[PDB]
2 protein chains.
Amino acid sequence: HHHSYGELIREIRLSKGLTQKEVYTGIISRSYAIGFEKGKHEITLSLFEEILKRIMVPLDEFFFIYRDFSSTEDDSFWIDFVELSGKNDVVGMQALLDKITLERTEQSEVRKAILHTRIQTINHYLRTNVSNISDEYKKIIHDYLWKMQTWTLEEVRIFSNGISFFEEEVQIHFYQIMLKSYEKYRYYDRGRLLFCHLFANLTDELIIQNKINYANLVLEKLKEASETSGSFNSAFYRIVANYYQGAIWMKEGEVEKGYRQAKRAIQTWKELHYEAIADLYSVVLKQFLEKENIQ
Amino acid sequence: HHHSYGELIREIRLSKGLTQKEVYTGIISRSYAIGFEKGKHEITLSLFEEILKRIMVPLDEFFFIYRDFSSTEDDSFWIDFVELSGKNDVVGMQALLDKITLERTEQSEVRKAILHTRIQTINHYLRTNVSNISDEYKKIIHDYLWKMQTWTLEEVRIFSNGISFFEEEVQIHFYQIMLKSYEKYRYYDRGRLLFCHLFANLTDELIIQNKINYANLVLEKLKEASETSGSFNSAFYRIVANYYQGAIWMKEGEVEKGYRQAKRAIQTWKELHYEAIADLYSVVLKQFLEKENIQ
């Protein structure tokens, strides 16, 4: 985020050998352009899009450059939270919680509830094996999503943390709403991978719970999402889908076919230098063979 | 592109059950917010980013929604051009050329030159086997990139069409400049895949020309780019890198190891439901075995 917009436009314009005349003519006047390039005028967004076109830089690339080549989002909540969750850093989450608390936006309630629940869960796990969570925070999350008819990706992310907090009927109802947004977003490069990840997680959890009809339904979505418009960017999740199709085959009595497919996915992750993923799925596979009691 | 910004913000705000008070307070005044939501006020970009944060929608997602869930860019030149190139549609390119001509932005010169050259090449191919291109258009493209010190992704795309137009010394010099932008952009989800694609293309062309030192250099970049920050989104290009490492091994006398690796990449594309890619690389592989005269 730590980087005016017009000062960057100037630098880019200059790097391309473009004149002010050719960048700004018909968009804004000469002196307005001079002011904008010194950071003395706030540009409107509609005028800004036209200027970006004149220097051939899409909005998102501009912001990537503008945040000094680091993030593709202003608001780093989900990036930060995922990183902290991932390495279980309860001290870091508490700091993230303190920060967003000082802004105290009213609607940061759901994000705060997520963080609180994650801090209570991690700290209980540090004292026991097993999970220790307040009803108040689960209620906040439930009630935020309750009665919404259409989701943006924020709710997709919320749902994916909150899902175990809801009764089955409610989980299914939210899933059906999620699906309407999936249908729009499956052609969005960023949204597509978030849906793949969520569908992978659900498929995994459904298998473990032996809800095989549902696991098949969700797997079909993971397959579709990962194959959407022949996308290159979702190859990884096609491997994931192959792994879970393998597991489901084992459960449907197609054991040797299922097992060979699952082993092939693991080998594929190895061959493509995703070793840590391969290792993790090997554990999943072994535990599955045991729980399901397979040979 | 066919969709005001404030009218969409209103709809999103409402879908989330958020009040005007909580979205706009401290950003803009009550009545300004009312006007903005009716499309009566042009928002500044800095104020707009703050509002987006209040409804938890990143800028790029907003624009995805705003263009009625279709593109992630305003300017569809490169999307359109790639699609037309891909299915060799010379009538469609000429229409794209006519359109951008009517705007006649001065700097659309390079894009127009690209299109012109592509139309002359395709039409010659329609009359002969082989390629028939004006020096004037190659000069325009050369001279646009000449003396630029830093590239945005626009020049990366230009370079990747123009590359065969330049002498080797100039190709190498431009490549070295490209690399400085690669180093920034390899952490950009969108830029990373564009670099992978370009590095794959160069590696392929260098192999065919038997410039094996250089092919190794470029392959190492394709490997690095495709493995950057452990990214999920570039798995496809790790397969591509495995294919080319195979080919280079064959050329370095490590024939059976190279061949098995190349065959494994093709099988992997098949297993991951990229059949058309697998088929295409099978042709590459066969021709390579022949040219190189391998058994």
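Residues numbered from 1 in each chain as written, not as in the entry; some residues may be left out. Chains lettered and ligands numbered in written order. Heavy atoms only, no water. Residues with missing side-chain atoms left out of burial classes, pairs and counts.

This entry, as listed in the PDB, derives from X-ray crystallography and reports a resolution of 2.09 Å.

The name recorded for chain A in the PDB entry is Lmo0325 protein, from Listeria monocytogenes EGD-e. This entry carries the title "Crystal structure of a putative transcriptional regulator from Listeria monocytogenes EGD-e".

Visitor: Can you help me understand the relation of the copies chain A and chain B in this one?
Guide: Put simply, the two copies of the chain differ by a rotation about an axis and a shift along that axis. Between the two copies, chain A and chain B, the superposition gives an RMSD of 0.0 Å; the rotation angle is 180° and the shift along the axis is 0.0 Å. Here the symmetry operator amounts to a two-fold rotation axis. Of the residues that chain A buries at the interface, 100% are likewise interface residues in chain B, meaning the two copies contact each other through the same surface. (Least-squares fit on C-alpha atoms. Contact = heavy atoms within 4.5 Å.)

Visitor: Would you take a moment to explain the pattern of salt bridges for this structure?
Guide: If charged atoms from side chains of opposite charge come close, those side chains can pair. By the definition in use, this model includes 36 salt bridges over all chains. Measuring nitrogen to oxygen at the nearest pair gives 2.7 Å for the salt bridge that ties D74(A) to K53(B). Of the two residues, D74(A) is situated in the loop between α5 (59–66) and α6 (77–86) and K53(B) in helix α4 (residues 45–54); the pairing between them involves two chains. Taking the relative accessible area as the measure of exposure, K53(B) reaches 39% and is therefore partly exposed. Linked by salt bridges that have partners in common, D60(A), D189(A), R190(A), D60(B), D189(B) and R190(B) make up one network. (Salt bridge = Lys/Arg side-chain N within 4 Å of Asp/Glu carboxyl O. Helix = DSSP H or I, 4+ residues; strand = E, 2+ residues; numbered from the N terminus. Buried < 20%, exposed > 50% of the residue type's maximum accessible area, 1.4 Å probe, protein only.)

Visitor: For this particular structure, what's the right way to read the interface of chain A and chain B?
Guide: Interfaces are often sized by the amount of accessible area the parts lose when they come together. Residue-level contacts link 69 residues of chain A with 69 residues of chain B. Summed over both sides, the interface of chain A with chain B buries roughly 6,200 Å², with 57% coming from carbon and sulfur. Our enumeration of links across chain A and chain B arrives at 12 salt bridges. Put simply, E49(A) and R67(B) hold a salt bridge, and the shortest N to O gap is 2.7 Å. The interface formed by chain A and chain B contains 44 residue pairs in polar contact. The residue makeup of the side of chain A that touches chain B, split by class, is 30 nonpolar, 15 polar and 24 charged. (Buried area = accessible area lost by both parts, 1.4 Å probe. Polar contact = N/O pair within 3.5 Å; in protein donor to acceptor, adjacent residues only side chain to side chain. Nonpolar A, V, L, I, M, F, W, Y, C, P; charged D, E, K, R; others polar.)

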